Each structure stands twice: as structure tokens, then as C-alpha cells.
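One-based numbering, in listed order, for ligands and for the atoms of each. Chain letters run A, B, ... following the sequence lines, proteins first and then strands; every chain starts at 1.
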Amino acid sequence: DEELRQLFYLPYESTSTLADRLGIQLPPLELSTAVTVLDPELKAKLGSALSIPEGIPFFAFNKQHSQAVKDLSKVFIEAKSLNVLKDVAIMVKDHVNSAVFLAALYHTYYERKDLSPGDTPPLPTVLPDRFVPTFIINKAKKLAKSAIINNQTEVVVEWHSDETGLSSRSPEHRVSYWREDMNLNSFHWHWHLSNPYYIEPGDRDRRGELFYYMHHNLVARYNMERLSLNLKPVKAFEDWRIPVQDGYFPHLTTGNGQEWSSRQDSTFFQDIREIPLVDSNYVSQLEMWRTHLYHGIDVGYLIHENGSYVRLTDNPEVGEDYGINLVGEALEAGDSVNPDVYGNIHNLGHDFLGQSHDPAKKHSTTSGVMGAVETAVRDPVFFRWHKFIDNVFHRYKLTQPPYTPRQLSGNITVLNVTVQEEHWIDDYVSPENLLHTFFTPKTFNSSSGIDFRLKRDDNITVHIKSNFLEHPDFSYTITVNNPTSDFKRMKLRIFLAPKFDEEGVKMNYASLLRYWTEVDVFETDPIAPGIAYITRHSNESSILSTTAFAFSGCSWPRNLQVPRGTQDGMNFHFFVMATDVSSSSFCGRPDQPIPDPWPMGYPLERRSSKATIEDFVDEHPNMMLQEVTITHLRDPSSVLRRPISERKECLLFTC
Amino acid sequence: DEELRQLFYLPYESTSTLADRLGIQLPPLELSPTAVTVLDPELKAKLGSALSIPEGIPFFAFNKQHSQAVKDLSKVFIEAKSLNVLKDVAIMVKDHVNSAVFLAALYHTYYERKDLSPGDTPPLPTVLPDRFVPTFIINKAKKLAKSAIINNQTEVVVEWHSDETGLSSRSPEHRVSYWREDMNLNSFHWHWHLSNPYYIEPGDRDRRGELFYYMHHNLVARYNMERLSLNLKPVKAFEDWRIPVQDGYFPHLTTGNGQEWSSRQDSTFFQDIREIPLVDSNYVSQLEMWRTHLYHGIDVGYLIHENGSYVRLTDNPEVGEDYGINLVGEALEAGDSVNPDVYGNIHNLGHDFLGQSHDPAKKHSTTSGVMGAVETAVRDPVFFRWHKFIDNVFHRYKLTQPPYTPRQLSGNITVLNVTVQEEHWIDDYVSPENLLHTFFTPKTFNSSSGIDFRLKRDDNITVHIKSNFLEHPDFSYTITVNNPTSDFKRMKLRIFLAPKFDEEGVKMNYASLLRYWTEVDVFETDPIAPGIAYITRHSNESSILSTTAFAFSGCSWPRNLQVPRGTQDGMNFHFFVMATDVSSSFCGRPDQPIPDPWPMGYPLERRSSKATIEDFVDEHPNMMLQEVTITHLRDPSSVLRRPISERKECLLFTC
Ligand SMILES: *[C@@H]1O[C@H](CO)[C@@H](O[C@@H]2O[C@H](CO)[C@@H](O)[C@H](O)[C@H]2NC(C)=O)[C@H](O)[C@H]1NC(C)=O
Ligand SMILES: *[C@@H]1O[C@H](CO)[C@@H](O[C@@H]2O[C@H](CO)[C@@H](O)[C@H](O)[C@H]2NC(C)=O)[C@H](O)[C@H]1NC(C)=O
Ligand SMILES: *[C@@H]1O[C@H](CO)[C@@H](O)[C@H](O)[C@H]1NC(C)=O
Ligand SMILES: *[C@@H]1O[C@H](CO)[C@@H](O)[C@H](O)[C@H]1NC(C)=O
Ligand SMILES: *[C@@H]1O[C@H](CO)[C@@H](O)[C@H](O)[C@H]1NC(C)=O
Ligand SMILES: *[C@@H]1O[C@H](CO)[C@@H](O)[C@H](O)[C@H]1NC(C)=O
Ligand SMILES: *[C@@H]1O[C@H](CO)[C@@H](O)[C@H](O)[C@H]1NC(C)=O
Ligand SMILES: *[C@@H]1O[C@H](CO)[C@@H](O)[C@H](O)[C@H]1NC(C)=O
Ligand SMILES: *[C@@H]1O[C@H](CO)[C@@H](O)[C@H](O)[C@H]1NC(C)=O
Ligand SMILES: *[C@@H]1O[C@H](CO)[C@@H](O)[C@H](O)[C@H]1NC(C)=O
Ligand SMILES: *[C@@H]1O[C@H](CO)[C@@H](O)[C@H](O)[C@H]1NC(C)=O
Ligand SMILES: *[C@@H]1O[C@H](CO)[C@@H](O)[C@H](O)[C@H]1NC(C)=O
Ligand code: CUO
Ligand code: CUO
Ligand SMILES: [Cl-]
Ligand SMILES: [Cl-]
Ligand SMILES: [Cl-]
Ligand SMILES: [Cl-]
Ligand SMILES: [Cl-]
Ligand SMILES: [Mg+2]
Ligand code: NA
């Protein structure tokens with residue numbers, strides 16, 4: 001139902017206001033203004049859903065907030081039909097926190113089999129306040145008021161990065177376009193609502209490992225963006241007695257008029273003394289959880305709360321859990337084997353950072369953006385926290401034995417690899433193995449999210465325009481040989497990493513492990529004996545799902561599919577492996593197991609005796625190491641032939 | 001001109017919006033690159049730097065560029081040939097000037113023009129309610145307004161409590177937030193600085209540097225009395241600028257342009273302000289060297305003029321010589337300093353260092369904190385730490401002065417008796433002699449003169465804002481004196497208040513009390529006939545007051561804060577009375593000299609060989625030391641007779 005989709009709209013307005021605008025029939029009303037009557041029978045089913053007060057965000061990492069979303073979605077998910085779901089939504093909407101309501105709805109599309117996440121509205125069209133700076137939203141309300149007066153039905157407002165921080169004095173602001181990318185922040189929301197740590201254990205396959213894998217890829221790609229910008233790779237925030245050097249001022253205000261808290265430079269990670277105090281958590285508490293978890297990783301087993309020991313291995317027996325998954329569930333934490341011993345490090349860390357401006361709650365303040373999944377990626381400290389988290393996972397990966405020859409062997413030989421950018425501008429054909437990136441404006445209709453009307457009959461639409469990194473489509477072709485006498489199935493596994501570090505030194509195999517990111521991992525049609533060519537288009541990538549919002553549901557943003565690269569051209573490894581055998585691979589499918597038994601990111605998450613990626617690949621005929629150049633264009637038209645006039649004369653052959 | 005007063009209204013709206021609402025005839029209009037007044041080139045050429053301050057930021061009173069802009073705009077207003085022309089100029093420039101700069105210039109104009117009276121200016125909270133009322137409350141008002149209009153309701157009242165801006169149970173400084181955030185006190189601060197701006201043409205005020213000292217000394221002293229009433233320790237100067245400011249402050253204020261005031265976390269360093277542009281920066285060690293230079297001048301008894309000559313510092317001046325306290329004040333503020341290059345601009349810049357300490361290198365595109373503006377700075381607990389430092393500099397200077405000689409303290413009139421009596425305020429209770437009370441009472445004002453709450457033009461909506469204030473009953477005092485001479489004698493009575501005991505319960509000696517004395521009433525009497533006379537003064541006549549939520553207009557110590565809070569059990573205060581031989585006193589009069597040649601606060605700002613105030617007063621028949629008790633009532637009706645039936649028995653005589 002596009003009737004269902006309407007429930008996402010105008011989340012800060014009453015159900016009556018939404019219903020009036022949309023011609024939705026309402027259940028009985030009463031005065032709390034006009035508010036729906038909440039049937040006692042429905043209320044009895046709602047668990048803790050109503051316990052979260054209106055006027056604050058959904059704090060996804062907080063136990064009480066997550067339980068409320070889980071409790072509300074439970075009713076939505078268990079509704080006997082979509083018509084009944086629609087009725088329950090309409091009835092409860094006036095009585096639940098709006099962000100909790102929205103989170104529960106999105107989660108419901110992932111959990112219900114008769115709903116598709118691709119049919120949910122793009123998050124920025126629903127909660128534009130989460131992605132657009134305070135001053136721009138305020139400027140839009142102004143422009144709307146004037147437009148209505150002068151009988152203008154449309155207005156467009158826009159902004160630029162030059163307006164939320166000063167790059168010339170703040171190196172971290174150089175990558176704010178990427179951290180603040182509305183599609184990336186929405187992807188983060190989708191990931192956590194598709195794979196919430198509070199999910200009933202068993203209803204996901206390898207969710208702890210997927211937590212590791214998606215965030216590993218998120219951190220790796222961030223670093224590629226940093227290298228593209230002449231920044232040093234992100235440093236883990238691991239010594240928690242050192243103040244967080246780089247603060248962050250989000251410049252965001254919620255639809256309830258609540259401006260998000262900021263964090264000054266040089267703020268300490270401090271004990272959170274909650275209200276009530278008995279709900280508090282402490283830095284040395286998190287440190288001891290970390291100590292316990294490091295011990296378990298180092299000795300190769302966790303202790304179950306039931307007293308038994310659980311082996312950690314990424315070479316499991318049939319029916320045994322993967323060690324990476326067990327560590328992930330313990331670290332997030334989700335379905336931990338022992339909450340009392342290993343704790344809740346990653347989630348609470350978000351809340352410590354998000355409350356660090358007022359950790360003893362003396363000043364009656366809001367949380368910072370680290371406290372919410374749809375905003376946390378904006379903050380540079382997100383990536384310092386996740387580099388720490390990825391370090392824990394890599395610590396575990398290093399305890400695993402290298403893949404054996406048999407574990408890496410394959411029947412298919414990889415013979416060649418070529419990458420070709422598609423046509424994107426007249427009179428230019430990209431040389432082979434060269435990819436480009438550039439900035440392009442995108443515009444969306446914010447009136448689905450914010451009611452800009454002064455009075456009922458006003459006809460006003462506010463469009464919001466801003467710049468996004470983007471790239472032309474590209475394809476690649478893998479040439480393989482099947483030397484056997486029968487048809488062979490294979491999975492192609494393709495990963496990207498920069499060739500050089502920030503010092504210009506070639507990264508060895510060990511260092512590259514921290515960088516490999518998924519380009520495309522998929523099964524081919526059966527390969528006939530002999531030579532075959534397999535061609536994939538960038539829009540088909542395993543990391544994508546299926547107008548400012550190209551891909552819907554849970555998807556790595558298509559516009560951030562290619563790292564920025566540099567004006568001179570930046571060199572990347574393009575690793576290809578042929579191995580014997582519609583949702584984003586980063587997101588998984590709620591109702592299906594991970595098909596592939598190999599660990600996520602295989603084979604490039606384990607140590608090797610080989611010193612270089614070159615030496616590693618040379619050992620295996622089913623692996624090939626290709627190379628591409630990625631070039632950022634400040635002015636895309638620069639690729640065009642310039643006249644003989646205006647042509648530049650070079651001092652040293654090239655200029 | 002009540003048409004003049006209208007210019008203060010709806011400061012965030014266009015001139016067209018104001019004129020339309022008020023039926024003001026407009027000059028020619030045009031469309032800016034909406035309807036805006038045409039600004040005559042002839043007027044523009046007269047405006048100096050007034051137009052250089054962009055719309056959308058506050059007036060930053062301590063900043064030299066902002067103050068110059070207010071001075072430049074007010075100049076045109078003040079020099080206008082008539083009030084009709086003044087109104088014309090105001091109407092014409094309103095669309096083209098920063099609104100806070102506009103308002104400041106207008107208030108200053110009432111002080112500076114002889115045909116205008118500051119008492120006729122609107123109360124500041126009715127003009128800029130956003131400066132005094134929390135963000136959440138203004139936003140709640142907008143919501144209540146929208147609903148009211150829809151339901152044909154022409155009036156709405158919103159209110160709030162201190163429990164909503166900080167948590168007293170975890171933040172001792174919040175216990176005195178009611179006083180620091182008192183809207184009348186903050187308005188008084190605005191008035192003081194616009195009546196006595198440091199940028200005034202030198203000579204157009206008498207002893208302005210000394211008045212800067214004196215008003216702030218009284219402001220700090222009264223704050224300390226409020227702290228003692230609340231079982232808080234007296235305020236500590238912020239003097240070692242290497243130490244982070246322990247107590248932060250989150251103002252919870254948002255301007256009418258939607259710009260939320262910056263906050264300051266606990267434990268924030270006082271840091272170099274690297275301005276944009278960088279050449280406009282100032283540095284902590286720079287301020288420290290100005291301080292070193294000033295301490296030196298104070299200690300050796302002279303300042304060095306920028307012309308190379310030395311200027312003696314003395315509070316015993318020759319006729320025609322400046323007062324040392326005045327010279328120090330002008331150097332410290334700074335205002336008409338003898339040597340800007342040597343003594344600097346310590347006090348003003350310190351406000352800006354503190355106000356920008358959340359982002360001192362301007363990396364994060366942020367706004368200033370409340371310390372940057374005169375109408376908000378008093379809210380911040382650090383205001384009083386900064387002013388305790390400032391008062392310490394002034395006291396350092398006062399201590400270099402020789403004690404008053406017998407001749408300087410002698411008088412013809414003898415003080416025989418002193419009595420204080422609270423007026424009637426509740427039926428069936430008469431206050432015992434020498435007992436004063438305080439309690440909290442609500443006050444309400446109409447905010448619709450400041451904020452346009454209309455959705456569309458024809459809406460009839462008024463938003464009242466209600467909140468609690470400290471208050472006290474009227475009181476009077478009577479001084480019994482004797483004139484033992486043979487002719488009529490005129491005298492000035494000088495009455496000061498200070499607590500008797502410090503925070504440790506120890507009797508404060510003479511030296512300690514110097515830091516506490518605050519003006520109660522200083523005034524000249526009618527000539528006193530030979531023999532005995534009784535002089536009775538009502539509290540509403542006090543010299544510290546000027547002449548409905550806003551009792552006294554123009555520049556006045558708040559009547560509601562005239563009496564320190566006191567305690568539930570009753571707190572004891574010295575009430576010092578001196579008879580000396582011959583429009584708030586804190587504000588002075590713009591056009592007239594200080595009539596009294598004695599230093600402000602005489603004789604209780606100099607050292608004495610006498611150890612106690614008792615010993616000091618006993619030496620002089622024209623001085624008497626009285627004592628009063630001040631008792632705060634949580635519930636004012638508690639003073640009433642209770643039913644014999646309901647009285648509870650005490651274990652230890654009293655309970
Ligand atoms: C911008 O977005 C909103 C989507 O909510 C559109 O508003 C709808 O417009 C249709 C056609 O006028 C109305 O029938 C609906 O009642 C509107 N929905 C709501 C909730 O207001 C709007 O049309 C879009 N504007 C443009 C230019 O496409
Ligand atoms: C609240 O304050 C405003 C003063 O600004 C009053 O609004 C005026 O009301 C009169 C009478 O209706 C109008 O003619 C004026 O045009 C209004 N002025 C403005 C600027 O709107 C309002 O009346 C006050 N409300 C009460 C109850 O006193
Ligand atoms: C409002 O404006 C839109 C776009 O400007 C126009 O297409 C439409 O006819 C109007 N809608 C209504 C209901 O008046
Ligand atoms: C603890 O739980 C695990 C579940 O896998 C089980 O295998 C083990 O037997 C349990 N320990 C005991 C002694 O119950
Ligand atoms: C190749 O295919 C055979 C037959 O399916 C399979 O059993 C074996 O695992 C593969 N061998 C190699 C060389 O990896
Ligand atoms: C791979 O393909 C590229 C271009 O299509 C070509 O330069 C190269 O010769 C090929 N290598 C092999 C082994 O076919
Ligand atoms: C790839 O996706 C983008 C956005 O959806 C689209 O512009 C482009 O045409 C797509 N390419 C193809 C051939 O589908
Ligand atoms: C607005 O409402 C008030 C009462 O709240 C009323 O006195 C006044 O007449 C109204 N204004 C108009 C123009 O009707
Ligand atoms: C410097 O200024 C003072 C101010 O009174 C004046 O008396 C003195 O003559 C000046 N010094 C010189 C040398 O000009
Ligand atoms: C007392 O009055 C006389 C006459 O005016 C005056 O000279 C003297 O200064 C006054 N004060 C004292 C203490 O003598
Ligand atoms: C002062 O006045 C009070 C009350 O009016 C009286 O009781 C006391 O005796 C007086 N003292 C003198 C010295 O007159
Ligand atoms: C003193 O001022 C207050 C506030 O304006 C007023 O309520 C009281 O009546 C005044 N007292 C007298 C007697 O003027
Ligand atoms: O989890 Cu995805 O934000 Cu730390
Ligand atoms: O000066 Cu009155 O605010 Cu420091
Ligand atoms: Cl149901
Ligand atoms: Cl942008
Ligand atoms: Cl701590
Ligand atoms: Cl508590
Ligand atoms: Cl600069
Ligand atoms: Mg100090
Ligand atoms: Na909110």
C-alpha cells in the first residue's frame with residue numbers, strides 16, 4: 001500500500017493534520033487538541049513503546065530506546081494484515097515518540113515478508129532536519145512564508161560545505177561532504193534497522209559478523225577518501241584517558257525545535273552518570289569489558305554465562321558458530337554469550353561520546369549526533385570509534401591460521417581483467433582502467449517531511465538542493481579459463497584498496513588487510529569448458545540494493561561507490577578471485593542465511609606468509625591483481641579537447 | 001512621541017510588516033535583490049560603519065567593531081534636527097541594519113538626547129523576549145499560538161520554572177540561576193552599558209570609569225549575598241588563566257533569527273582567540289602583560305600616558321585632577337584609557353575570550369556564548385568569576401590609598417538611632433522591627449510586542465509569558481539624628497549593607513567587609529534644624545532605583561532584587577549609617593556630573609587601622625552600625641497564625 005507509505009509522512013504533525021491532508025479516515029478522536037483514542041486492547045499490547053517521551057530523538061544505542069522500538073514494531077509485525085497494520089499505526093501515532101514510530105515502521109518493512117524495504121520512502125524526505133543544517137531549514141521556512149504571500153507554490157533552497165565548518169583551519173572538515181552525505185547516513189539507519197542488535201537471536205544469520213563486515217568496509221572507504229584528500233588515515237580512539245582532540249558541531253535541529261548538542265575540541269571520554277544514577281556506566285567498566293574480551297580473543301575462547309567455554313574459530317565445524325560472529329555479538333553487543341562479562345562496549349561507547357559535553361547530566365542538555373544511527377556518521381569521532389572497533393575485530397582475525405592451499409585452490413584460472421568507464425560526456429572516451437569522480441547537485445522534495453503551510457489551504461512545496469560526490473557508470477570484464485571437462489560454477493570476489501600509504505610507500509600484505517573493500521562478490525552462470533568473458537556493470541554491484549535517491553532500501557550509496565581519488569590520479573589495487581561454488585551484501589537478507597560458507601571478506605581478512613599482495617596472488621592461478629586509476633575532476637568539462645588557442649605550453653613536458 | 005516607542009517593536013520583522021500593523025506611513029520602497037525601504041544615499045553617507053554588521057547575529061557589545069557600529073548609527077539618531085526626523089531616519093534604515101545593533105543604538109539615543117527620557121523606552125523583555133526566555137518555552141509558545149488562532153482564541157499564556165534549565169541537585173551553581181537569569185537584572189545590565197558605553201566621547205560622562213567599578217562592585221557584592229543565603233561559597237575570581245574554567249554554562253537561548261547561543265562545557269580553557277581575519281586576534285599572554293603593566297602602575301601610584309608623561313593615581317585629588325579609581329577604571333574596561341598600547345582592553349576582551357572559548361580558533365562556524373552580549377552575560381556563572389577578578393583589580397588599587405583622615409570622616413551631625421520596619425503585606429501579620437522578608441512571586445508580560453505570533457495578517461493573537469521572580473515587601477527606615485550646632489545643617493545620609501558572617505560562620509572583620517558593602521540609600525536630606533530630627537525613607541525612594549512586571553523603568557537596580565534573599569532561619573546583616581556634611585546612583589546621569597566629590601562608596605572602600613566595623617563606627621559620632629535580619633519565605637502564608645489544633649509540639653523549645 002502507498003497508503004502505508006503515507007504513514008511515514010509529516011512525522012512531527014498530529015494524525016489529524018496528516019489525515020486531513022491525505023483524506024485518511026480516522027478512528028474516534030478526543031482531546032488529550034484532537035488526538036486519536038487509544039484502544040485499551042491495543043495499549044495492552046504495546047510493551048514499553050509508550051515509555052519514550054515525545055520531543056527527543058530515537059537513541060538507537062540506548063537499551064531503553066531500542067526496547068521501545070522493538071516493542072512497537074512487534075505489534076506492527078504481528079498484525080494479521082496490512083489493513084490492520086495501517087489501522088494500528090494511525091491509532092498509535094499520536095501517542096508514541098515520532099522517531100521511535102518511524103524506526104519501528106522501517107524495521108517492520110524488513111521483518112514483514114509481505115513488505116519490501118525498497119518501498120519505504122527515502123529517509124531525508126521524511127526527516128530532512130537530520131540531514132540539512134539548522135540555518136537552511138530556517139531559511140526555507142522564511143522563503144516558504146514569502147512564497148505563500150506572493151502566490152508562489154514552489155521554493156528551492158540550497159547550501160554548501162563552506163557553511164558548517166572552515167576547512168582552511170580544520171582538516172577534518174575536508175571530508176565532511178562524505179561523512180555528512182545524506183545517503184550514507186540513511187544507509188547507516190537502514191543497516192541498523194535491518195540488523196538491530198536487539199533482534200531475537202536466530203532471526204538473522206551471522207549478524208555479529210555482518211556488524212564487523214559492514215563497518216570494516218565503512219572505515220576502509222573512509223580512509224580511501226582521506227588519502228584522496230591528503231589526510232592521514234583515521235586513528236583509533238583506544239586510550240580513553242586522552243581527550244578526544246577533534247570536536248564536532250553538527251548544526252542540526254530536530255523538528256521539535258531541539259538543537260543537537262555539540263562537542264568542543266579536546267573533550268574527555270567520561271563516566272556517564274545517568275538519571276537515575278543507578279542506570280550509569282563507567283569508563284573503567286568499559287575498559288574491563290575490553291580486557292575480558294581481549295583475553296578471550298587471545299586464548300581462543302569465550303566463557304559462556306552458563307560456565308562453559310565456547311571456541312572461537314573461523315574454520316568452524318558444521319553447525320558451529322564462526323568466531324568472528326561470536327566476537328561481533330559480544331562486542332556490539334547483541335546476542336552476547338556473556339553480557340555480565342563482555343558487556344556492551346560498542347553501543348555504550350556511542351552514548352559516552354554523545355553525552356561527553358555533559359556526562360553527569362548537570363546542564364539539562366540533549367545528546368550529540370553519536371547517539372543516533374541516522375546522524376552518527378557525520379561526526380569525525382564516529383570513525384575513530386569504529387577504527388577502534390575494527391581493530392578489535394582485526395585482533396581476532398590475526399589469531400586465525402592462514403588459509404591452507406586447499407582453502408584457496410580453485411578449478412578456474414583468471415586470465416585477464418579490464419575496467420572501462422562508460423560514456424558520460426560527449427567527445428570524451430575514458431582510457432581503459434581509469435575511473436572518475438566529481439561533484440553534482442541533487443534536489444529533493446522536503447514537503448513530505450515538513451509542513452511548510454501557514455494555514456490549511458496553502459499550496460507550498462520546498463525543494464532542497466545540495467552537492468554530492470558522484471561518478472560515471474563503469475563496467476569490468478574478467479577473462480577466465482575452465483580447463484576441466486565439465487561445466488563449473490564459480491563466485492567472483494573483487495576487492496579494492498589503495499596501492500600506497502600516506503607516505504607514498506607501497507603497502508604490504510599485512511597493511512592492506514586493513515583496507516580491502518568489497519567491489520563485487522557474486523555467483524556467475526556455469527562456465528563451459530574453455531575461455532569465458534564475464535562482464536559486470538557498476539549498477540549491478542553486490543554492495544548496492546536494487547531521483548536524488550538512486551537505490552532504495554538498504555544500499556551502499558551508489559554515488560559513493562567509487563573513492564574520490566585525486567586530481568593527478570590515484571592508484572588502486574583491483575583484486576579478483578574466482579572461487580569454486582537483490583539486497584546489499586553489506587545488509588544481508590533478514591529471512592535468508594548467508595549463502596556463502598566462507599567468512600565475509602574472504603580471503604583478504606587473514607594473515608599470510610606472503611609479504612605482498614603481488615606474491616600472494618602469484619601463488620594462485622584463480623587470483624589476479626589488476627590496477628585502476630581514480631581521478632577526481634574539480635571541473636568535469638576539463639576532460640574535453642581544448643582549442644589550439646587557450647592551449648597551455650608546458651615547461652617540463654606535462655603541466 | 002509614542003510613535004517613537006513603536007520603532008522598538010517587532011525587531012525581527014520587516015519595516016513593511018511593522019508599518020502595516022501599526023499604520024505607519026512608509027517612505028518609498030523597492031525589492032531587495034522582498035519589500036524593503038529605499039535607503040537615501042544622503043542618509044547612507046552619514047551612517048559610518050553602521051551597515052557593516054551583518055543581519056542574523058547578536059550585537060556583541062564588548063567587540064570594538066560592533067560597538068563602533070552602534071556608536072555610528074546612534075550618532076545619526078542623536079544629531080537629527082527633530083524627533084520627527086529621528087523617526088523618519090529610523091523607519092528608513094530599519095531594513096538595512098542588524099536588528100540588535102538598531103535596538104542598542106535606539107536605547108543609547110534616549111540616554112544621549114536631552115528631549116528623550118530613558119524611562120519611556122519599552123522594557124527590554126517585551127522587545128527581545130528571546131534573550132530572557134528559554135528556547136523550549138518560545139517554541140512551545142509558537143505551538144500554543146498556532147492552535148489558539150485555529151480555535152479562535154486571542155490570548156495564550158505560557159510559563160516555566162528553574163527546574164527546566166539545569167539540575168540543582170547535581171549543579172550547585174544552578175541554585176542561584178534564578179538571580180543570574182532574572183530578566184530585570186539582565187535588562188539593567190544592558191541599560192547600564194548603553195547609558196555608560198565605554199566608547200562614549202570622553203568628557204561626555206563624569207567619572208565613568210569609576211562608575212564602571214562601582215556598579216559592578218555592587219553587582220558582585222549582592223551576588224555574594226545571594227550565594228551566602230543559599231549556603232554557597234562566595235564567588236572565586238578567575239585570575240589564573242592557565243586553569244580551565246570549572247563550571248560551564250548552557251544558556252538554552254535562541255535568537256529570533258533562529259540562531260541558538262553557543263554553550264560552554266565544564267572545564268573549558270581560556271584560550272587565544274584566533275579571529276577571522278587572523279590579524280584581528282588577541283592572546284592570553286597579551287592580556288596577561290596588560291594586566292602586569294596595570295598592576296605595576298597601581299603599585300607605584302601612577303600610569304604612563306601614551307604621550308610619555310606620568311599621571312598620578314589618587315583618590316585624594318587636587319581640584320581639577322582626575323580620581324585614581326576613575327583612571328584605573330578607564331584603563332581596565334577599557335574606555336578612555338590613558339594608554340591603550342600599554343594597558344590594553346582587558347575587561348572587554350575577557351568577555352569575548354570567555355564567550356568564544358567553545359571554539360576559540362573559529363574552526364567550527366559557531367556563534368558566540370552569552371558572555372559576548374550585555375543583555376545576556378549576567379546569566380553565566382563565569383560572569384561573576386570574571387567580575388570578581390575585575391573587582392579584585394579595583395580593590396588592589398583601593399588598598400594603595402591612605403585611610404581617610406579624621407577630618408575626612410568628621411561631621412557636625414550625630415546619628416542617635418536607626419530603625420527598620422517592613423510595611424504591611426499580608427493581613428493578620430505585622431513584621432517585628434528590623435526584619436525583612438523575601439519570597440517568590442509570578443510576573444507576566446506581553447511578548448507580542450517583540451515576536452509576531454500571527455500565522456497570517458488577520459490573526460488576532462497575544463502571547464503572555466509568565467515566570468517566577470524573587471520579590472520582597474516594601475519597607476521603610478528611620479534615622480534619628482541630632483544637630484548640636486546653632487544653625488541649620490544639610491547632610492547626606494549614606495547607608496550600606498553587608499552580611500555579618502562569612503560562609504564559615506566567622507564574624508567578618510573590617511578588611512573583609514570592604515569586599516561586601518553595597519549601597520542601600522545615599523541621598524541628601526532637607527536642612528536639619530538645631531536639635532533632634534527624624535528622617536524616614538521608603539524603600540521605593542532608594543537612590544539605587546530609578547523613578548507592571550517591570551516596576552521601575554530606564555536604568556534601575558531591579559526593585560524585586562533590592563533585598564538579598566536571606567535564609568529560612570533569618571540571616572544577619574550590618575546596616576551601616578553615616579551622616580556626612582554637605583537616575584539610579586549605579587547609572588549616573590548622562591548630562592550631569594556626579595554631585596558628590598567623595599569617591600563612590602565612601603567611606604567603605606578604603607583600609608582602616610580599625611580591626612572591626614564596630615570599632616570603626618564607634619570612633620565617629622556621625623556613624624551608627626545597625627543590624628537587620630532577612631528571612632526568606634518558601635511559603636509567605638507561613639507567617640500567619642495557625643490553628644491551635646494544628647500547631648505541633650517542639651522538642652527543644654523551638655521547632
Ligand atoms: C512535494 O511533496 C509532497 C509529498 O507529500 C506533495 O504533496 C502532495 O501533493 C498532492 C498533489 O497536490 C496532494 O494531493 C497531497 O495532499 C500532498 N501531500 C501532502 C502530505 O501534502 C507535493 O505535491 C510535492 N510537490 C511536487 C512539486 O511534486
Ligand atoms: C500585546 O502586545 C501588543 C503590543 O505590541 C498589542 O498588539 C496591539 O494591539 C492593538 C489593539 O488590537 C493593535 O491595534 C496594534 O496593532 C497591536 N500592535 C501590534 C504591533 O501588533 C496587544 O494588544 C497586546 N495584548 C494585550 C491583551 O494587551
Ligand atoms: C499547487 O501547486 C502545484 C505546483 O506548483 C500545482 O501543480 C498544483 O496545481 C497546486 N495544487 C493545488 C491543490 O492547488
Ligand atoms: C551453555 O550453552 C551452550 C549453548 O551452545 C551449551 O552447548 C552448553 O552445554 C551450555 N553449558 C551447560 C553446562 O549447560
Ligand atoms: C574442482 O572440481 C572438482 C569437481 O567438482 C571438485 O571436487 C574440487 O573441489 C575442485 N578441485 C580443485 C582443483 O579445487
Ligand atoms: C588483457 O586485456 C588487455 C586489454 O583488453 C590487453 O592489453 C592484454 O593484452 C590482455 N592480457 C591477456 C593475457 O590477454
Ligand atoms: C545506474 O544508476 C544510475 C542511477 O540510478 C542511473 O543514472 C544510470 O542510468 C544507471 N545505469 C544503467 C545503465 O542502468
Ligand atoms: C483581539 O482579541 C482581544 C481579546 O483577546 C480583543 O480585545 C480585541 O478586540 C481583538 N482584536 C480585534 C482587532 O478584534
Ligand atoms: C600628556 O597629557 C597630559 C594630560 O593632562 C598633559 O598634562 C601633558 O602635558 C601631556 N604631556 C606632554 C609632554 O604633552
Ligand atoms: C560643620 O559646619 C561648619 C560650618 O559650615 C563647617 O565649616 C564644618 O566643616 C562642618 N563640619 C565639621 C566636622 O566641623
Ligand atoms: C531606637 O529606637 C528603638 C525603637 O524605636 C527604641 O526601642 C530604642 O530605645 C531607640 N534607641 C535610642 C538610643 O533612642
Ligand atoms: C513600591 O513599588 C512597587 C512596585 O512598583 C509597588 O507595588 C508599591 O505599591 C510601591 N510602594 C509605594 C508606596 O509606592
Ligand atoms: O554502529 Cu553503525 O554506529 Cu557504531
Ligand atoms: O561588563 Cu557589565 O559586563 Cu563585564
Ligand atoms: Cl494487532
Ligand atoms: Cl552541500
Ligand atoms: Cl570520567
Ligand atoms: Cl539520581
Ligand atoms: Cl585569516
Ligand atoms: Mg583563578
Ligand atoms: Na526531538
Would a line drawn from the ring center of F382(A) to the ring center of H188(A) be shorter than 6.0 Å?
yes

The protein heavy atom nearest to atom 14 (O) of ligand 5 is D580(A) OD2, 3.2 Å

Could you check whether any side-chain heavy atom of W598(A) comes within less than 4.5 Å of a side-chain heavy atom of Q407(A), counting everything from C-beta outward?
yes

Would a search of protein heavy atoms around atom 7 (O) of ligand 8 find one under 4.0 Å away?
no

Protein residue, atom and distance nearest to atom 9 (O) of ligand 8, heavy-atom basis:
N460(B) ND2, 4.6 Å

With the side chain counted from C-beta on, respond yes when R169(A) and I276(B) share a heavy-atom pair under 4.5 Å apart, and no when they do not.
yes

For atom 5 (O) of ligand 8, what is the nearest protein heavy atom, given as residue, atom name and distance?
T154(B) OG1, 2.4 Å

Would you check, one step at a time, whether the test ring-ring contact (aromatic ring centres under 6.0 Å, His included) holds for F439(A) with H632(A)?
CA-CA 9 Å; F439(A) 287 92; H632(A) 179 71; 5.5 Å; yes

Quick one: does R221(A)'s side chain get under 4.5 Å of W556(A)'s, heavy atoms only?
yes

Which residue supplies the protein heavy atom nearest to atom 1 (C) of ligand 5, what is that atom called, and how far is it?
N411(A) ND2, 1.4 Å

Find all atoms of ligand 8 within a distance of less than 4.0 Å from any non-hydrogen atom belonging to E155(B), and give their numbers and elements.
4 (C), 5 (O)

With side chains defined as the heavy atoms from C-beta onward, is the minimum distance between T375(A) and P250(A) less than 4.5 Å?
no

Would you mind listing which atoms of ligand 5 come within a distance below 4.0 Å of any non-hydrogen atom of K488(A)?
1 (C), 2 (O), 3 (C), 4 (C), 5 (O)

Does the protein put a heavy atom less than 4.0 Å from atom 3 (C) of ligand 8?
yes

Numbering as shown, the atoms of ligand 5 that approach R406(A) to under 4.0 Å (heavy-atom distance):
8 (C), 9 (O), 14 (O)

Should the pair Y222(A) and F383(A) be assigned to parallel (<30°), tilted (30 to 60°) or perpendicular (>60°) ring geometry?
parallel

